[PDB]
Amino acid sequence: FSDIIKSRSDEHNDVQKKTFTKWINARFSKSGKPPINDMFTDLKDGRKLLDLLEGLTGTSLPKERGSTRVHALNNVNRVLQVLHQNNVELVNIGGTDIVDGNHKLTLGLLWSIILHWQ
Amino acid sequence: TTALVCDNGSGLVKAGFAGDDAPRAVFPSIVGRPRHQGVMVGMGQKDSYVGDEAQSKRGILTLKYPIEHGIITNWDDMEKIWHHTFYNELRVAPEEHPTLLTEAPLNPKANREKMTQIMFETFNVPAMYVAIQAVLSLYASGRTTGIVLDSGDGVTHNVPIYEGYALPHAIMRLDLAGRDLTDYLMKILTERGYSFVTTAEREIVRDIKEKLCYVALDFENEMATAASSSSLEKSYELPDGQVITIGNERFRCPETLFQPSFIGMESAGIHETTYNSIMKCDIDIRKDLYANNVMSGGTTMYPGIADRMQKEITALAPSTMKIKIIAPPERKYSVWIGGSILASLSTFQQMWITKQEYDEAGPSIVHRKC
Amino acid sequence: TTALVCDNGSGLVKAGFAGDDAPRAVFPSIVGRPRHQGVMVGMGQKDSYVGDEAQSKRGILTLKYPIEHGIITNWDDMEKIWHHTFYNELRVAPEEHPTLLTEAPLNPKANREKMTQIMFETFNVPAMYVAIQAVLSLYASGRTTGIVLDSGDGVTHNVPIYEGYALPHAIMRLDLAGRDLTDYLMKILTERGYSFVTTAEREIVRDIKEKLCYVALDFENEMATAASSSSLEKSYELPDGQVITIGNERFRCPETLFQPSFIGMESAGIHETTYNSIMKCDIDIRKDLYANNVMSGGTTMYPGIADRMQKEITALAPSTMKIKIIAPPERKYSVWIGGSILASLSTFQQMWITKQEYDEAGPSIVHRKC
Amino acid sequence: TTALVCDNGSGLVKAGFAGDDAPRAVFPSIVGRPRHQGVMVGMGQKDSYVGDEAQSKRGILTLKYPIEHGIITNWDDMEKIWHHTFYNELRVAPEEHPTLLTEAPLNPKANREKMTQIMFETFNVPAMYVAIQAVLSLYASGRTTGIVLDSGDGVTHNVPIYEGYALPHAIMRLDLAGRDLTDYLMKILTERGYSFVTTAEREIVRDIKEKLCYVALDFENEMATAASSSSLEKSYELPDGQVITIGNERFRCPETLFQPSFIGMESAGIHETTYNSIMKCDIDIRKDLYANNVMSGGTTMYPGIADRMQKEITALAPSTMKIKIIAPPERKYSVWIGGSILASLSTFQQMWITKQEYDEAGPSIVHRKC
Ligand SMILES: Nc1ncnc2c1ncn2[C@@H]1O[C@H](COP(=O)(O)OP(=O)(O)O)[C@@H](O)[C@H]1O
Ligand SMILES: Nc1ncnc2c1ncn2[C@@H]1O[C@H](COP(=O)(O)OP(=O)(O)O)[C@@H](O)[C@H]1O
Ligand SMILES: Nc1ncnc2c1ncn2[C@@H]1O[C@H](COP(=O)(O)OP(=O)(O)O)[C@@H](O)[C@H]1O
Ligand SMILES: [Mg+2]
Ligand SMILES: [Mg+2]
Ligand SMILES: [Mg+2]
């Protein structure tokens with residue numbers, strides 16, 4: 001046991017990622033939104049979470065007319081405020097975790113939303 | 001319907017899936033709060049980091065352990081660590097799997113009671129079972145006749161077992177583990193000049209310990225050797241960029257385990273609580289409990305102890321009994337390995353504390369089911 | 001309802017509109033009044049010229065700055081400068097737009113208190129907000145982890161920032177900047193013959209400094225190089241028509257920044273304040289503060305400053321640590337750009353100091369809202 | 001043959017003669033050197049000024065302390081301080097008297113090693129002995145059961161002692177002494193307007209602190225009182241003739257000793273390192289360690305400290321335990337008084353480190369004899 005757990009965790013992450021991205025793609029394709037291919041890079045700027053979340057809820061969500069990093073973090077703050085307003089209780093989920101693309105966390109809040117609605 | 005096995009230790013939490021052979025995800029169990037003033041309006045800053053996240057975003061944080069000396073001294077955030085493990089690290093629904101928890105012997109009853117209450121009334125597990133940490137070790141080692149000695153960051157047991165018959169009058173507990181070794185190392189680092197004070201620096205001291213400290217075979221000899229400078233020194237390199245060179249405080253940190261007076265304690269070292277735990281057993285048992293000393297737990301991974309312990313015991317036990325120290329290479333995850341085994345035994349499904357039993361009995365059912 | 005972002009530094013007043021990417025109006029913050037005798041019965045000679053107007057007609061004026069070293073000395077005319085900005089340059093009744101002012105760290109409380117009292121009780125702005133400069137510089141640079149070296153004409157202050165969490169126990173504020181460099185330059189010219197004494201002559205010396213002075217790389221070597229007369233000399237043409245030729249003192253004026261002993265100060269040059277402000281922060285933060293040293297402000301627009309700074313910092317940082325100096329091309333306006341970004345965010349709107357709140361609490365509300 | 005007891009602190013140097021009741025000559029331990037240009041041919045301008053002489057001629061000097069946080073940084077000028085205090089202050093021949101030196105707990109070994117090396121190989125004293133400070137404090141207080149709290153200009157440490165038996169596993173060193181208080185004060189004056197940058201001005205701020213700052217009893221209540229301007233203000237007359245009026249920051253400066261979050265430190269104030277040190281001892285000792293809390297060292301000479309300390313402790317200790325702080329009126333020289341007592345004991349005079357022992361063993365002998 002020369003610390004083989006690395007590969008086990010990575011394969012677990014892969015099998016979670018495939019199902020998660022299939023679910024989010026099937027949800028994007030209902031409202032006429034373009035599908036995505038990368039779970040961990042096409043969620044940096046925090047925009048695709050916003051329209052996805054409004055399609056999950058059914059309301060409007062504005063976006064900041066910017067492109068720098070602080071704009072991404074403001075979008076993700078919006079996402080987390082919206083999520084909290086629906087009593088979705090996340091713990092180690094912050095604005096910087098998404099924008100840094102943290103695998104262990106970037107598919108933690110997706111599972112939270114999934115478990116909340118689905 | 002698989003079950004969960006989370007060896008919620010006192011240092012790093014190690015959780016995973018029953019039946020498997022390795023924890024899916026391990027991580028230090030520290031919850032951190034940011035302490036400096038936050039001035040950036042558009043940030044999505046959380047208010048409580050936990051796990052490797054808190055370990056990384058460390059300079060802004062007051063790291064704190066919820067579990068101390070095996071017992072849980074903060075239920076507010078131990079709940080946070082469990083939430084983290086269930087939803088972010090494994091991403092599973094608690095309402096679907098039964099959970100297996102571990103614990104140390106001679107722990108307050110309120111600990112396991114509240115543990116069960118929280119695992120039912122908050123995560124709604126269908127079934128939960130809390131086992132003693134030094135028996136899953138025997139399961140994992142495959143034996144049935146040994147004297148486990150697990151330790152690290154909070155405790156040090158000795159649960160002598162003859163044949164599925166633990167001898168509960170001969171279990172010695174001793175609170176002399178990784179955290180106390182860490183603090184002692186941090187305190188002797190001062191005399192060279194280096195001064196680590198905050199928690200963000202206690203982490204660096206722990207990491208110095210893990211990869212520099214070894215256990216002397218003969219302490220009074222190694223000390224006199226390290227006096228005339230030799231190959232003893234090493235060089236760790238902080239995240240600051242500066243390097244340090246500890247040469248002597250490498251076997252003087254883990255020598256605490258064998259001389260607990262180094263930190264101001266009466267209790268005898270781990271090389272002697274083992275012998276006392278044996279001598280409390282029966283004569284017809286010692287003659288082979290000597291021959292199965294299953295070491296477990298984290299802090300038993302120094303490049304030393306697997307031999308200095310044997311050397312120190314064969315100077316106590318009679319000159320005839322044959323002594324042997326079973327130190328498997330993964331003597332760290334052995335508790336969780338045993339957990340993944342025990343949760344997957346056919347003859348075990350009549351042990352869990354089903355939710356019906358909790359509702360018809362209250363939380364005080366753990367004492368009678370375990 | 002777009003807001004206003006008027007960063008009124010010690011020297012130039014850069015104002016504009018929240019949201020855009022450039023300040024509309026830029027002009028020095030001087031208030032000139034005539035001194036010579038006026039003999040013309042019909043002229044509409046105004047009372048006090050202010051702005052680049054008062055710069056062009058500086059032959060018969062006594063130019064004078066209201067802001068000295070960040071703090072505000074004369075309020076009767078700073079009111080005039082704000083009035084000018086609002087009514088002649090931008091031409092916008094402030095009663096509609098909010099306003100975002102900028103200050104410096106470690107400034108007398110009464111400064112920002114009177115500033116907001118004036119803004120509400122003389123312009124009736126609907127809401128105002130005063131934000132520290134070296135945070136807006138990070139905003140503009142799009143970072144969240146830097147150590148902002150801001151310096152122009154009034155101050156030179158670092159503010160280390162890790163992730164939106166500034167460390168107010170480590171901001172160093174050296175009070176040496178463009179105006180002191182200009183005074184030293186005009187004091188060091190006179191060893192060749194050229195004498196600049198009046199305030200107009202001081203503006204001329206500044207117009208020299210801005211376009212003939214660079215920063216040496218190895219100052220001691222550049223001395224002996226320019227000793228044997230070489231390509232160093234330049235020729236600048238005063239508004240009179242005559243020419244001058246400064247050869248040596250074009251790199252000794254900004255070497256003051258790195259050795260403030262040239263002007264009798266005791267402090268350490270802008271490199272050691274940066275290194276000390278880094279060493280005050282935590283070990284985990286030093287690694288990635290060493291890599292993002294966002295320069296800002298005017299005075300850091302000297303030609304060879306991004307390299308002298310880097311060499312000087314690498315000379316005292318650890319050997320294995322990576323140093324990078326983030327010197328954007330238009331760093332002069334970086335503070336205002338960050339201000340425009342900050343006021344144009346959506347989350348920010350709950351941070352303004354509504355006029356109602358000022359009527360409730362009074363001027364002390366700034367210390368608790370900012 | 002009498003002996004020398006020089007409590008070479010980290011601020012003032014209190015030296016004298018073994019046996020007496022008061023030090024001969026005390027003086028700040030600052031070595032100053034001129035920085036301005038000297039133009040007068042016929043002067044006896046000394047190279048470097050040291051002591052109260054330098055403290056008199058500041059406006060020419062760069063005052064630097066050799067000792068920072070207990071440890072000695074510059075070994076060149078500390079030699080000058082000892083030379084001064086042996087010849088110009090006491091006017092004694094060092095080759096005749098044995099010398100007693102003091103130190104703080106948890107200091108680099110190299111500190112006392114080189115201290116001995118300099119004391120023998122340079123001054124050729126007949127014998128030398130370095131004793132921990134907070135033990136001499138008990139000596140002078142005439143007790144044998146206390147928990148000293150030594151603190152001034154440097155380190156702050158407790159040394160619990162039960163019956164001549166120190167408990168080395170329960171001392172709690174902390175680097176939050178008067179120098180950090182002074183720097184925080186001269187950082188917090190800037191709110192009112194007065195800036196003090198140079199070292200010659202840092203002395204002025206220390207002097208303001210020493211005779212204007214008290215310790216609140218209830219900090220929040222005192223703060224809420226100072227908001228409605230009242231009898232808190234006090235005026236101080238600089239050596240320039242101007243006056244300043246610090247109202248609020250008369251307790252906000254020494255409140256650091258209890259909330260070291262005001263400087264970015266993580267540790268808990270002196271009211272709680274004391275309680276932690278007591279709880280680290282044994283149960284049978286806590287009952288009469290709570291009774292004798294000897295305070296020593298300068299920084300414990302604020303007005304309201306023997307009361308806020310007592311309240312803050314009795315708010316922690318069990319409800320049925322009698323707390324008493326022993327704060328003598330000479331709690332500033334108590335360390336040296338204990339030194340004079342000790343060096344004049346008929347029993348002790350065979351514990352020195354005679355020159356023979358140093359020459360036969362080497363500088364590593366202080367760890368053996370102390
Ligand atoms: N290789 C090693 N050498 C020395 N000490 C170690 C090593 N690995 C881990 N430790 C110590 O063991 C502790 C973790 O042990 P572990 O048994 O995982 O704790 P827990 O019982 O809480 O799970 C750490 O705090 C560390 O101090
Ligand atoms: N092109 C330049 N080269 C060198 N120095 C300059 C240049 N432009 C401006 N400066 C210096 O910068 C100062 C103005 O800086 P600025 O950023 O306007 O300060 P503030 O923050 O007060 O607005 C002037 O005093 C001048 O000395
Ligand atoms: N009356 C006073 N009130 C508060 N602080 C004082 C007073 N007198 C001295 N101090 C502080 O005590 C320090 C010197 O105390 P001392 O115990 O002599 O230090 P050391 O142990 O280094 O000699 C000074 O730095 C000063 O800050
Ligand atoms: Mg373990
Ligand atoms: Mg600027
Ligand atoms: Mg003292």
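Along the chain as shown, the residues are counted starting at 1.
Keep in mind that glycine also has a Cβ here, set from the backbone N, Cα and C atoms.
Noted in Swiss-Prot for the protein shown:
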type	residues	note
MOD_RES	C:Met40	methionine (R)-sulfoxide
MOD_RES	C:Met43	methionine (R)-sulfoxide
MOD_RES	C:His69	tele-methylhistidine
MOD_RES	C:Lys80	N6-methyllysine
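Sequence features annotated in Swiss-Prot and their locations in the structure.
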residue	record	CB count, 10 Å
C:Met40	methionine (R)-sulfoxide	7
C:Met43	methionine (R)-sulfoxide	8
C:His69	tele-methylhistidine	18
C:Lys80	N6-methyllysine	19
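On a Cα basis, the residue listed as 'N6-methyllysine' lies 22 Å away from C:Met43 (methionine (R)-sulfoxide). C:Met40 (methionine (R)-sulfoxide) sits 39 Å from C:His69 (tele-methylhistidine), taking the C-alpha atoms as the reference points. Secondary structure at C:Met40 (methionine (R)-sulfoxide), taken from DSSP and collapsed to helix, strand or coil, is coil. In this structure, C:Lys80 (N6-methyllysine) is part of a helix by DSSP.
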